[PDB]
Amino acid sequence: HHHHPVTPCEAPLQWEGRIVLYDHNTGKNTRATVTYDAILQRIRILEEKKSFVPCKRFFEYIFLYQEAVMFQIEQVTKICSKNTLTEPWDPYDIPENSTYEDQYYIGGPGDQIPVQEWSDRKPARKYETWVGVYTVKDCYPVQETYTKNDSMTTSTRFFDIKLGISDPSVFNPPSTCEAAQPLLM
């Protein structure tokens, strides 16, 4: 008998890593290099081009939540958009009041890792809007599903995570962002 943990582990506050964003609404899998900083509430997201995908435009996003602004740079053409942020900062961590779902091992004999699953499950709602899988040892994000705001659901996978920000230069918006608010999409 293992004690149901009273609160979730604390996710790391700063890291450089890579994600896949699976958007169910359009079926698109966006691959990205991420710089994540829950202390200054900024996140920088660089989309990746793969061989022979049939879209031609790739974006860098710099979310600066402490200055209420997001910059979106078309990577090739360097066209920059500057937009106001209305929405609060949302960390990649387990909220304090989350429901404990389970603990299990991912992978094989010898090469396997213990992880935990948390959710926002509560008896009043049939369906969860949030599920997070996090390592037991270091509380690193592994996967999140997020059903939020009338039924736009995303699935995020996280990998190659490295504690710390070895390159803070990425949060400086480029010279071209003396700029306006386009919808680039």
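We number the residues from 1 along the sequence you see.
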{"item": "Stretch with the higher entry mean CA B-factor, where the candidates are 47 to 55 and 136 to 144", "value": "47 to 55"}
{"item": "105 to 113 versus 91 to 99 - which carries the larger mean C-alpha B factor in the record", "value": "105 to 113"}
{"item": "Among 177, 21, 161, 11 - the residue whose C-alpha B-factor is largest in the record", "value": "177"}
{"item": "Identity of residue with top Cα B-factor, from 120, 37, 150, 60", "value": "150"}
{"item": "Residue 126, C-alpha B-factor rank within chain (lowest, middle or highest third)", "value": "highest"}
{"item": "Position of residue 26 among the chain's modelled residues by C-alpha B-factor, lowest, middle or highest third", "value": "highest"}
